[PDB]
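One chain comes next, on its own, written out as structure tokens in the form deposited in one PDB entry.
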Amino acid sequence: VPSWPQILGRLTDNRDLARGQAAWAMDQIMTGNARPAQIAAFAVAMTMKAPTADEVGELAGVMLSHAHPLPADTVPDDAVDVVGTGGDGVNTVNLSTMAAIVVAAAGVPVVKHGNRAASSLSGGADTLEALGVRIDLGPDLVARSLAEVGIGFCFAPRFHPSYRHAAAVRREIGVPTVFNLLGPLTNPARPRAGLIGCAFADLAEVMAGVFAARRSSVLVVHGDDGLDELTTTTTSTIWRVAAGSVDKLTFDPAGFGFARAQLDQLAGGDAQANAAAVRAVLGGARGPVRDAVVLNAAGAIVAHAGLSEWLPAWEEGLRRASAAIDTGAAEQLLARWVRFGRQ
């Protein structure tokens, strides 16, 4: 029968787990039945062994089976997510959050999964909070937000309450683990498309495999400068998930007229500074930050288009993203979003 000595021993022997074992482990963790030492041992052993898409899939499956769902028929079939693993260690502005606003304003339904910072000065949730957006809304109100505003935000702690023991262990040991991949893979609203950032190059393919298994239309992105976003300072590696198959690509914004930026141009600060950066971009300020936002917003729209060619999709995505900002639609959407939570 399943046991920690069994599973841990199999991982330390550098062996892939048998079908169901990873699931049993996570369920133990997700039911308060695991000791912190056992949680930590499993997270580390899984990571150092080299996790497969199947194993990480079981982990995410367990989390989603325990998570608060959104009500029936409240999430549009073509909804998209824009979120990353975090942990690239580079203090940038909140590109995923900013891109998500622009995408929603372009008419693409967004149900964003997210969380506070772990190792950065301000995460997506922190910055949205600084903007006046309600981040801790429950299933019913997230559903209403999505319908009325075009965007909703799922706070991971809110929808994954029984993950709190695992989250505590992540904080204690500090080092990244397979757990760091689970946030982007466990959106409780379960959108079928997304632009998903991965800070860990060696694990981006595995995340893509989980999505492929769900037959999602996802672009798993890793900036070759290390960002868990589509970068503008150099090329980005993209694992394109479509038709249940993964396809590795290198992406160069220069092929779309974007100038090479320096990483310090994308730098941000605390929640207030990063919130000011959002208002700046949505306000029509041109520059490095805008470029990075438009590029990422377009990538999400390409992932959305993939639910049903590469070059024309990016061109339309870039057109719609730039237009969403220039018309003021993106700025208006945030205001309407802020107003929603207050009412």
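When you see a residue number, it is the position in the sequence shown, counting from 1.
Keep in mind the form deposited with a small molecule bound is missing from the figure; the text below concerns it.
Every residue in the set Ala167, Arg171 and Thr186 has a non-hydrogen atom no more than 4.5 Å from the small molecule in the deposited complex. Using a 4.5 Å cutoff between non-hydrogen atoms, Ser236 does not count as a contact of the small molecule in the deposited complex. In the deposited complex, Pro161 approaches the small molecule with a heavy atom inside 4.5 Å. For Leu182, a non-hydrogen atom is located within 4.5 Å of the small molecule in the deposited complex, even though that partner is not displayed. Contact annotation for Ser145: none of its heavy atoms lies within 4.5 Å of the small molecule in the deposited complex. Annotated contact segment (heavy atom within 4.5 Å of the small molecule in the deposited complex): 150-158, selected among 150-158, 263-271, 248-256, 201-209. This chain lacks the partner; the member of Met63, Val302, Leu318, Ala277 within 4.5 angstroms of the small molecule in the deposited complex by a non-hydrogen atom is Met63.
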